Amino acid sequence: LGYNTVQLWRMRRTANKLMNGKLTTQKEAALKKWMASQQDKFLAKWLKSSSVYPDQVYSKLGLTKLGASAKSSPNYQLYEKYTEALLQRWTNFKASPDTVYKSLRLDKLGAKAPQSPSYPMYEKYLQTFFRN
């Protein structure tokens, strides 16, 4: 059992407890206090890894499962702050959309690439790259 697997399991678990609500005032704060202390550390770990990418982080944070209610999870803003950092990096590189497509591992999905939760991010980068 790995540290990252357990921690992520705990962040998915904590997110459900916050989405259900009806928590004691001190209990909800103690959960939100523990979540806030995991933001910087997970965001920095994901940015330094060569194997971590958005579709994987989406899955490990519980957002894939949530489907259309993914934005209701406390972990959405964390995933958001991660993709924001990636787009900032790729823009500083002036990466081409074809390079971004491989960063997002969309090449491995074949014909299912358009169904990826990363796909709207890829399309926006591609359009912005080419908007004269």
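When you see a residue number, it is the position in the sequence shown, counting from 1.
Undergrad: Highest mean C-alpha temperature factor of the two stretches 14 to 22 and 104 to 112, which is it?
TA: Averaged over C-alpha atoms, the B-factors run higher in 14 to 22.
Undergrad: Could you check the entry and say whether 5 to 13 or 115 to 123 has the higher mean CA B-factor?
TA: So the stretch with the higher mean C-alpha B-factor is 5 to 13.
Undergrad: Taking the Cα B-factors listed in the entry, which of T83, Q39, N75, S59 comes out highest?
TA: In the PDB entry, the greatest C-alpha B-factor among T83, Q39, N75, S59 is found at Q39.
Undergrad: Which one of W90, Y79, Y53, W34 shows the biggest C-alpha B-factor in the PDB entry?
TA: Comparing C-alpha B-factors across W90, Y79, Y53, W34, the top value belongs to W34.
Undergrad: Sorting the chain's CA B-factors, does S69 end up in the lowest, middle or highest third?
TA: Highest third, going by the recorded CA B-factors of the chain.
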